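Chemist: PDB entry and its sequence, pasted below:
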Amino acid sequence: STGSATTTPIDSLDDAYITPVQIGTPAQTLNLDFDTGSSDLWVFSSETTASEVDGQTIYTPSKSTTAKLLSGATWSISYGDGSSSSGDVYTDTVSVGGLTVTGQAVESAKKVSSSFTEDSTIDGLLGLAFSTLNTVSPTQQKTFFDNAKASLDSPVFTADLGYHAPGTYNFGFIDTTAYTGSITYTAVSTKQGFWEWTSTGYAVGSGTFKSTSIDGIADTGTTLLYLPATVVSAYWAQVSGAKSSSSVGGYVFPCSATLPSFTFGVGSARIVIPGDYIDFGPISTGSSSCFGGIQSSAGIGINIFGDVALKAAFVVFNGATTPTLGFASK
């Protein structure tokens, strides 16, 4: 089997992407944030504290003839941005882009933090990291990908995120029309539960490539590109007036600037992030100070190849017995 679903930016900045997901019988369609940096499929639901729901579409398990309470199971998750959610668990039928999994753990939120409530466009998350990170207790549950894998034509999914435009998540096949040149594959460590890999270096604008190993995660659920302070300083030093602002919470730059590109290495291959991808707009409405899309990972404890980086590539998440990651230009 295969599946193919369009993923759409939630706003003009590409802060996140939503993908429609069918849950239950009859189908209830919710727009979920596909997150390769976590491993829980959770939804706003009829059980979510009413004051914490503001415009989201909810899953109502009592209206699904295939929903079953997973007795005794609870979940609770906290994300890198400080947001969180928790609740109980159902199993139900879940379909993405024509690919169907029966018996998928659908984690129903009883509580969500303010950031979730405040974002009316995201109805929940669909985790695509390794199932070892799944938070369901006392019986850990498998991701949608893990459940689907054996049935897929090939044990892979791909992320093709758009810049200010829709893109695609495919399951079970590689669309050879969706990228240019060749796909370069690189080793993955699953030791921390992430799609963790080592970039071979970077360049700023038309500058020379610096060969240096940068360990980080491919994380579709993180907006920006977080890299070591040395790398980030080298980037922003090429932008007149750019500075790190403790008050704002990162590098800012004059909105009048034209940003240089940023290149990252994948083996001997190179992925170029155009400068415009690195512009996240005014820090506050009407400001002429703009927020940078490349930020320091210092004090995160991990480098993160978030959407800024991933949307410059066609990315293969290869879930074969020894997982790997592939990157192509597009």
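Modeler: All right, it came through fine. Residues are numbered from 1 along each chain as shown.
Chemist: hey, let's count contacts and neighbours off CA atoms from now on
Modeler: Noted.
Chemist: Name the residue closest to the centre of this protein, please.
Modeler: The centroid of the chain falls nearest to residue 220 when counting by C-alpha atoms, centre = their mean (1.8 Å).
Chemist: my guess is it meets residue 307, correct?
Modeler: Yes. In this structure, residue 220 is within contact of residue 307 by C-alpha atoms under 8 Å, at 5.5 Å.
Chemist: ok, the residue nearest to the centre of the chain - contacts?
Modeler: Contact analysis of residue 220 by C-alpha atoms under 8 Å, 6 or more residues apart in numbering lists 34-37, 306-307, 310.
Chemist: one more time with 10 Å, if that's ok
Modeler: Residue 220 sits next to 16-17, 33-38, 127-129, 159, 161, 304-311 when contact means C-alpha atoms under 10 Å, 6 or more residues apart in numbering.
Chemist: Quick check: can you list the domain ranges of this protein?
Modeler: Under the assignment curated CATH domains, the domains of the chain span 5-174, 175-330.
Chemist: hey, which of those domains is tucked in deepest?
Modeler: Mean neighbour counts were compared across the domains of the chain using mean count of other C-alpha atoms under 10 Å; the top stretch is domain 5-174, at a mean of 20.
Chemist: quick one: the nearest residue to residue 12 once chain neighbours are set aside from residue 130, how far?
Modeler: Leaving aside its chain neighbours, residue 12 sits nearest to residue 164 (6.5 Å; criterion: C-alpha to C-alpha, 6 or more residues apart in numbering). According to C-alpha to C-alpha, to the nearest Å, residue 164 and residue 130 sit 28 Å apart.
Chemist: swap in residue 58?
Modeler: Per C-alpha to C-alpha, residue 58 is found 26 Å from residue 130.
Chemist: same thing with residue 321?
Modeler: Counting by C-alpha to C-alpha, the gap from residue 321 to residue 130 is 12 Å.
Chemist: again with residue 307
Modeler: The spacing between residue 307 and residue 130, counted by C-alpha to C-alpha, is 19 Å.
Chemist: and what of residue 110?
Modeler: 24 Å.
Chemist: now residue 96
Modeler: 18 Å.
Chemist: And for residue 232?
Modeler: With C-alpha to C-alpha as the criterion, residue 232 and residue 130 are 29 Å apart.
Chemist: Then residue 9?
Modeler: In terms of C-alpha to C-alpha, residue 9 sits 24 Å off from residue 130.
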